[PDB]
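Presented below is the structure to which this report refers.
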Amino acid sequence: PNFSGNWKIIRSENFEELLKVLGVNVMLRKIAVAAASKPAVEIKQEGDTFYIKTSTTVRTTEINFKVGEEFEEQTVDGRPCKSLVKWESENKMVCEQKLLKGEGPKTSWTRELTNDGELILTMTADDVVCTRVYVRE
C-alpha cells in the first residue's frame, strides 16, 4: 500500500502508438521505445507527497508532487505542462495534464498499486491508452 521502492518494468503496451499520437518522429519513436524498455524507476512516498524518478539513457524525469496540489512537469514527449494528481481510489492516483503553452492531444497518466504487489502505469494521449506494468526489484 506503499508506492515507495525501486521498480522494474515487465510489460508495456501501445507505448509506440502513444508517441505516434504525440507527433514524435518515426526514428525518435524507435529510440524512445528502446530506451523506455529498460527504465530505472525510483519512488519515494511520504503520505500524500511523492517523488518519482524515471531514468533511461536518453531521458530522465524527476517529479515531486503532493496529491491535490498542482505542479509542473512534462508530457512524455517533453512538453511543459501543469499537472494535478488526485486519488481515484485507495491505491490509484490519476493525473490530468494541461499544456502550459500551445495545443496538442489531451494527456494524462495514472499509477495504481495492485493488492498483489504490482504497479500499473497508464498513459493516455487522446484515444490511445498505454499500459506499463512494473514489479519491485
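Here the Cβ positions follow ideal geometry from the backbone for every residue, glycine too, while neighbour counts run over all protein chains shown. Taken together, the values in this text are just the output of simple stated rules run on the coordinates, not laboratory data.
In summary, the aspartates and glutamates within cross-link reach of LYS66, defined as a Cα separation below 20 angstrom excluding same-chain residues under 8 places away, comprise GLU42, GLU46, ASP48, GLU88, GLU90, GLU96, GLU112. Summarising the label geometry, the points placed 7 Å from Cα in the beta-carbon direction at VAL58 and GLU103 lie 2.8 nm from one another.
Quick one: if the Förster radius is 30 Å, what FRET efficiency do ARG136 and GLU70 give, using the C-beta to C-beta distance and rounding to 0.05? Present the calculation step by step, with values, prior to reporting the outcome.
Values: r = 29 Å, r/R0 = 0.97.
Computed FRET efficiency for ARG136 and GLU70: 0.55.
Partner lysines whose Cα lies under 23 Å from the Cα of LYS20, excluding those fewer than 8 positions away in the same chain, are identified as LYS30, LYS38, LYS82, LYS98, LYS101, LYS106.
Please work out the Cα convex hull volume for the chain and give it in Å³ per residue. List each step's numbers first, then the result.
On the way: hull volume 13.4 nm³, N = 137.
Cα-based convex hull of the chain, divided per residue, equals 98 Å³.
With a Förster radius of 30 Å applied to the beta-carbon distance between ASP116 and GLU96, the computed FRET efficiency rounds to 0.65.
Take the alpha carbon atoms of segment 53-75, find their center, do the same for segment 3-17, and report the distance between the two centers in whole angstrom. About 15 Å separates the Cα centre of segment 53-75 from the one of segment 3-17.
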